[PDB]
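> Mind looking over this structure? Questions follow.
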Amino acid sequence: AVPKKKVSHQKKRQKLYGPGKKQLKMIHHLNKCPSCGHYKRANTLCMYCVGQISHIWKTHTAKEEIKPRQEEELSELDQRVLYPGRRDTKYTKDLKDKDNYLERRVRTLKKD
Amino acid sequence: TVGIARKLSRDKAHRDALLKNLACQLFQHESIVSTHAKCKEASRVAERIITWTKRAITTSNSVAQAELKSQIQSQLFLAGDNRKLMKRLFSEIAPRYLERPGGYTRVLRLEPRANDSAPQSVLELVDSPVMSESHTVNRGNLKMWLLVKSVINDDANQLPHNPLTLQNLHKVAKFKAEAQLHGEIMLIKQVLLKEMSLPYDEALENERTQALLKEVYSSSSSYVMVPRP
RNA sequence: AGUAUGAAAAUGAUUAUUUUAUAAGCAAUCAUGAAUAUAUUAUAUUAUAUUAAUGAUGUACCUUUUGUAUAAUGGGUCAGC
RNA sequence: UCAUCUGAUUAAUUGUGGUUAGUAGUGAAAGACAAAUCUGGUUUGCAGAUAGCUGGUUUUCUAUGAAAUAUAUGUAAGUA
RNA sequence: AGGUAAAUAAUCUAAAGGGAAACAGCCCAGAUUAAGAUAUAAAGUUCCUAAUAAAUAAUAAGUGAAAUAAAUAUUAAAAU
RNA sequence: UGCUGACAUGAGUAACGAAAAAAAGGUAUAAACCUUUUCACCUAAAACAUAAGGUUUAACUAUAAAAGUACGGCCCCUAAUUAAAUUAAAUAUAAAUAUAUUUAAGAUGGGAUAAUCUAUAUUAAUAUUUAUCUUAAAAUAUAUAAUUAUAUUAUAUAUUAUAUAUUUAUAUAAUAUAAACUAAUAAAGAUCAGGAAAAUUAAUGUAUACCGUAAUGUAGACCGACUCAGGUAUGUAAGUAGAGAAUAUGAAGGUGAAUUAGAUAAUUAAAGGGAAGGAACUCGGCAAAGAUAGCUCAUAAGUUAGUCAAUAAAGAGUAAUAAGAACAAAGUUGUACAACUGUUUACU
RNA sequence: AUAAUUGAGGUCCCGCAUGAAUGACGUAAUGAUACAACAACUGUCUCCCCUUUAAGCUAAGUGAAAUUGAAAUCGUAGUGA
RNA sequence: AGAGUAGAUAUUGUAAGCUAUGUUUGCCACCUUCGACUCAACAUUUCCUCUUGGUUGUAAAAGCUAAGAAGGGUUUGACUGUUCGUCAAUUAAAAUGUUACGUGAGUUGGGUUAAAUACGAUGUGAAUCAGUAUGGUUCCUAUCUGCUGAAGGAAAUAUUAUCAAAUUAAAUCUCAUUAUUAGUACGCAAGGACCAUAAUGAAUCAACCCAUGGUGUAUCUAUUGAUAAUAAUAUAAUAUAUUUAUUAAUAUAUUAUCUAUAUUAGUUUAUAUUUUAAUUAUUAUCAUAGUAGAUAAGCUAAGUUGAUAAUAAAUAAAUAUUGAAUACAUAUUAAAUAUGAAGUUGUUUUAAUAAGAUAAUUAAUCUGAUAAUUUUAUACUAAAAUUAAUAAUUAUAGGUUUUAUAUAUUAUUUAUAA
Ligand SMILES: [Mg+2]
Ligand SMILES: [Mg+2]
Ligand SMILES: [Mg+2]
Ligand SMILES: [Mg+2]
Ligand SMILES: [Mg+2]
Ligand SMILES: [Mg+2]
Ligand SMILES: [Mg+2]
Ligand SMILES: [Mg+2]
Ligand SMILES: [Mg+2]
Ligand SMILES: [Mg+2]
Ligand SMILES: [Mg+2]
Ligand SMILES: [Mg+2]
Ligand SMILES: [Mg+2]
Ligand SMILES: [Mg+2]
Ligand SMILES: [Mg+2]
Ligand SMILES: [Mg+2]
Ligand SMILES: [Mg+2]
Ligand SMILES: [Mg+2]
Ligand SMILES: [Mg+2]
Ligand SMILES: [Mg+2]
Ligand SMILES: [Mg+2]
Ligand SMILES: [Mg+2]
Ligand SMILES: [Mg+2]
Ligand SMILES: [Mg+2]
Ligand SMILES: [Mg+2]
Ligand SMILES: [Mg+2]
Ligand SMILES: [Mg+2]
Ligand SMILES: [Mg+2]
Ligand SMILES: [Mg+2]
Ligand SMILES: [Mg+2]
Ligand SMILES: [Mg+2]
Ligand SMILES: [Mg+2]
Ligand SMILES: [Mg+2]
Ligand SMILES: [Mg+2]
Ligand SMILES: [Mg+2]
Ligand SMILES: [Mg+2]
Ligand SMILES: [Mg+2]
Ligand SMILES: [Mg+2]
Ligand SMILES: [Mg+2]
Ligand SMILES: [Mg+2]
Ligand SMILES: [Mg+2]
Ligand SMILES: [Mg+2]
Ligand SMILES: [Mg+2]
Ligand SMILES: [Mg+2]
Ligand SMILES: [Mg+2]
Ligand SMILES: [Mg+2]
Ligand SMILES: [Mg+2]
Ligand SMILES: [Mg+2]
Ligand SMILES: [Mg+2]
Ligand SMILES: [Mg+2]
Ligand SMILES: [Mg+2]
Ligand SMILES: [Mg+2]
Ligand SMILES: [Mg+2]
Ligand SMILES: [Mg+2]
Ligand SMILES: [Mg+2]
Ligand SMILES: [Mg+2]
Ligand SMILES: [Mg+2]
Ligand SMILES: [Mg+2]
Ligand SMILES: [Mg+2]
Ligand SMILES: [Mg+2]
Ligand SMILES: [Mg+2]
Ligand SMILES: [Mg+2]
Ligand SMILES: [Mg+2]
Ligand SMILES: [Mg+2]
Ligand SMILES: [Mg+2]
Ligand SMILES: [Mg+2]
Ligand SMILES: [Mg+2]
Ligand SMILES: [Mg+2]
Ligand SMILES: [Mg+2]
Ligand SMILES: [Mg+2]
Ligand SMILES: [Mg+2]
Ligand SMILES: [Mg+2]
Ligand SMILES: [Mg+2]
Ligand SMILES: [Mg+2]
Ligand SMILES: [Mg+2]
Ligand SMILES: [Mg+2]
Ligand SMILES: [Mg+2]
Ligand SMILES: [Mg+2]
Ligand SMILES: [Mg+2]
Ligand SMILES: [Mg+2]
Ligand SMILES: [Mg+2]
Ligand SMILES: [Mg+2]
Ligand SMILES: [Mg+2]
Ligand SMILES: [Mg+2]
Ligand SMILES: [Zn+2]
């Protein structure tokens, strides 16, 4: 149930790193994407090219934003009177800074 | 009960409902991204549904047709955005696949998602129309788009097309009128080139497309095999 | 819980040298090859240093006891007190 | 916690506030409870209580080097 | 009884070293520090393991060869 | 088992706390945030109103809006109770203090008026607990004033038509569902016999103070060291069903979560089914299994006479005959001990 | 009573060491009390099998604990606090 | 000594004698949990099975006693907490121990056990007991050793792909009944064989799923309650087209089936009024998979199939031959020569290892791995299958097609037509 001794430096290290099962393997199965000449996984789509195509689809197949007439044709002063500004909470501010906590996809290296 | 399908870490009732939802979403949006295992199971359902629809369309037996219809109805959630999904299935989706013997979907593997390391895939409908009757482009048929992008890249590099690319193009063609296919390719080029910011001289592009079509369409050792002494 | 400074140790990762995949026990000491490093008197057949070839000897430390390798006490390690 | 079980118009359950406790209350009485546990709480002080008992008591070198017997002891873990 | 109670001697206790396979108390012998030629102690001298050659008898059972198991039985052997 | 600090070991191991998720898009930044659609879960709640509490957690700093009427506090009044207060000498007392009496405080309670809206100031003058039956009345049908059977029976409002003050008032007549529920009324059964305390006319007034108000509240926003399956007061709690607040469903509302994706060995947990047998298991039938109406009938021995036994066991009617939601309902007996309903070691 | 009973009930009385409000005795009712029997039922068992979900296993992210003189931590026999 | 009809030594064996054991009850004081379940390992002082000596007390058959022998096997129930014991029913037999009286970081907790309580006894009493009874508390994610499986690395008498012997590590090894020989041998009769073979079983082990049974959150049908869809039809509105003389008629698309007021306070329902405010087909969700009847694959035992591994060799106790030493005798603790066991060696089976063997040898396609689709396999791994698309041949998974199975209605039918 309980360790009888302080496990030594040797014995913890040979346990962890000695076996190949536990080690990380080289990703030999990279290959060139045909659409953009960059690294991608074998039997896998290029995340750049499919992302680009998804973006294209979004730009074309776009549901139009609903802008109400009455709010679109308000005067500036009138709009200010109706819908004044406010102090956002700390939480709200944190939520707004998305680049702090949201990871954009990185581009791979160009294949040789 | 064991081995017939993926369990997907869900109770039976939930699992089936999930699969139905996935099928509905595939029919609505002609491609969808999801986890690999879910996509694989969803394909099985969607394909089955398509075949049933085809059978209903074709069969002379009235009772059979009615039964097929009932089965199709059972296998979908018809509400909200999928109210007129049955109609779409009969009129829009299933008529694409009348000549095609199975294989109506394609699950294309993606790079696994970063937060979760979950293997990610794209379940999508085969031979989805890239251009509707309105002057727009349609959401779906990712593989075709990718192929055309690869072709464009090859043209830019002034390289020959890869054998695999040619094979894929041939596969795409098999259930496609040649002129229609060409027109689709041309349409894809217009969007793709602009996105990538390469110049679109139209006549030259058309000629290239034609050349690509021609080679696709017109079909043309270490050990020796010797009889026993 | 001042301010500077900090190659103090425990501790982690990495590199170098050296030994190690037929060998068994306080992991040290003594014998003794080999390999490496440094050496403005290595003149060399040289000197020091580092390193579990191989051989021999070797039952942690304290406390408490007639008596403890004891499977009796107490201590995870180092730093300060 | 889940299942199962018992009471469920009564010696019922329960909200809000009040009274009674550290030789000391409350107790359909089990030494039961009195702020995560009482044959009598907690805190502060006497206070460095007391301990014939346990453990600990830190550099080096040099010289000599025991005893575990007798007697006594409310003494046989001690002390002369 | 590795028991208990005292008597005498020794060792251990507080004693390292050699021997007794390993060993608090047995057999030798008392470490001031080295050196390693010579005498050695107890104990050993086929190899493991430092060191050996003989003589005369007996055993044939591996008896025995560093921890001796009895009455009795059988088979011999001497002497009368 | 020294104290403090730092850093190891177990170990990148267990675990990440009852849980249903999917896609598309915000965004070629999202398992976790927002939106839309689909799916599910809670639904006499995981909803909607509130009380208490609390690092304001909120839909936020440009912030929770009150003269009063199905608005609370504050205020007036007092209960339980409290008070270095109160009375040459209230009484007692080593001091502290304690007692009695006064006065003051003290909500958990009582408190005028109100949509045809309402006016609170000042001055002057003399209600334990339970029940709404039976009878009787008239109404509706059958038969031949009287019988039989059935509901109805105190209050709650609009309409129409009359009669009196003069379209505004008062009274009368007639018209008009069922089932729950409310308040207010009346009469009244039982013993356990049911709070306290604070006037009326007239004249003159009344420019209406302060505080509470967010959200959370069967909970991530309180008490539990934690965003803890624990603890936490009250009122509404769509319909369909039913005796019902049981049980099923779920209109609406709210929610789907600081872990995910896969795989589903052994093994564990929590479930479902099981041939032939049926307690052979085991300390022990522990556990599991077992319900042939839940309504209406019927129901024994014994017995303290209490359908106590009884919700008796069996059994019948209605329903169903191959079965086909949940929930209520789980035998009979002998003996020991204790009359019984209760109480007890909060945590063996 | 059971194929078979140290249990149960009935009965006997060398009551080691019963007995009358530390109440004695026999009942009806009650009891989540204790023991025993019958019925019914069954995965309790003969004798386990299949299935379901949550873990377990793998990948990603986060990240405990008791313990620990130091460890280069085998079997047997012998020895020996 | 003495029993044993006679004779101490077939069998029995007083009291006294000499040992072994460490299985009981003690003693010592170095040293501070009984039973059940589960799985067992070891011993032999052998209970059964195999071999054999003796047995006026071996005629036969049952026995009794002794030697070899640990290969295989050695029980299920009633009572009790019990081990034990009593009994019942079996068995070839129901052996005796050791293993911290094996086994609680494997289960249990009935006994023993503290707090509550009562009884009998003891005590003035608090309370007590080699008493009785009811109730009643420990948990642990495994670091090392070890064991069960599974990988990676490795040094290979030097490579890879395959086939692989000796060997090592384990497994296995049986037993009963009936039948025949034979109612023979033997015996007055009653009774009744050895030697040996066969067939049925047994207990154990292994594999398997064709069939049978179970399961089957694949599936299908039935079915109660509530809710929610799609389609069709009707009505209404809006939008888009066509006709007609913005209106009406038609076609397509989308949305809608609400609402409000009455019946004396509130809620619900009902009807009436108001409004365009619909009733058939087919689905889904929830209620343990809602319940029930079937049920494919797989997995399984209740099922099916096979095995209990020979022949051979050397032996144990025991039984002999010739034959001295020792004129006889003596199977030899002499030389020679023979028999002899469920034991030993082996044999058989599994796992490991890889001596050896065939082949290829820097590669337009050498051998492996990474990758994908997977299952013959599986925790992860590993293993195995496939990764075809060109001059030919090769289907891994899904999908498709197919026949087949399941479900449950169906000739009162389906399809072609005249
Ligand atoms: Mg369900
Ligand atoms: Mg299905
Ligand atoms: Mg080596
Ligand atoms: Mg080692
Ligand atoms: Mg040790
Ligand atoms: Mg120690
Ligand atoms: Mg320690
Ligand atoms: Mg009751
Ligand atoms: Mg009453
Ligand atoms: Mg007591
Ligand atoms: Mg406390
Ligand atoms: Mg207490
Ligand atoms: Mg003092
Ligand atoms: Mg002190
Ligand atoms: Mg001296
Ligand atoms: Mg002395
Ligand atoms: Mg003394
Ligand atoms: Mg003393
Ligand atoms: Mg002694
Ligand atoms: Mg001493
Ligand atoms: Mg010495
Ligand atoms: Mg001395
Ligand atoms: Mg000296
Ligand atoms: Mg010998
Ligand atoms: Mg010896
Ligand atoms: Mg210290
Ligand atoms: Mg671990
Ligand atoms: Mg683990
Ligand atoms: Mg885990
Ligand atoms: Mg997104
Ligand atoms: Mg309910
Ligand atoms: Mg709320
Ligand atoms: Mg007052
Ligand atoms: Mg109040
Ligand atoms: Mg509030
Ligand atoms: Mg509010
Ligand atoms: Mg708090
Ligand atoms: Mg806590
Ligand atoms: Mg909570
Ligand atoms: Mg309801
Ligand atoms: Mg809803
Ligand atoms: Mg809420
Ligand atoms: Mg959670
Ligand atoms: Mg069964
Ligand atoms: Mg059956
Ligand atoms: Mg039993
Ligand atoms: Mg039970
Ligand atoms: Mg009667
Ligand atoms: Mg019930
Ligand atoms: Mg009682
Ligand atoms: Mg308790
Ligand atoms: Mg009896
Ligand atoms: Mg019994
Ligand atoms: Mg008395
Ligand atoms: Mg009494
Ligand atoms: Mg009671
Ligand atoms: Mg992880
Ligand atoms: Mg020693
Ligand atoms: Mg005689
Ligand atoms: Mg004798
Ligand atoms: Mg005989
Ligand atoms: Mg023997
Ligand atoms: Mg053998
Ligand atoms: Mg029994
Ligand atoms: Mg034991
Ligand atoms: Mg153990
Ligand atoms: Mg242990
Ligand atoms: Mg109990
Ligand atoms: Mg054999
Ligand atoms: Mg089968
Ligand atoms: Mg089959
Ligand atoms: Mg069958
Ligand atoms: Mg089957
Ligand atoms: Mg009303
Ligand atoms: Mg309508
Ligand atoms: Mg629900
Ligand atoms: Mg068989
Ligand atoms: Mg002769
Ligand atoms: Mg002879
Ligand atoms: Mg043999
Ligand atoms: Mg290929
Ligand atoms: Mg295949
Ligand atoms: Mg082919
Ligand atoms: Mg296929
Ligand atoms: Zn690319």
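Heads up, residue numbers simply count up from 1 along the chain you see.
The deposited model was determined using electron microscopy, 3.2 Å.
In case you wondered, yes, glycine gets a Cβ from its N, Cα and C as well.
What Swiss-Prot records for this protein is below:
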- A:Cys33, A:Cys36, A:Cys46, A:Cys49: Zn(2+) binding site (BINDING)
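Walk me through where these features lie, including what they touch and how far apart they are.
Cβ neighbours within 10 Å of A:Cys49 (Zn(2+) binding site), excluding its own Cβ and spanning all shown chains: 21.
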> List every residue in the same chain as A:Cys33 (Zn(2+) binding site), at least 6 positions away in sequence, whose Cβ is under 8 Å from its Cβ.
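Sequence-distant Cβ neighbours: A:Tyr39, A:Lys40, A:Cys46, A:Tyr48, A:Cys49, A:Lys111.
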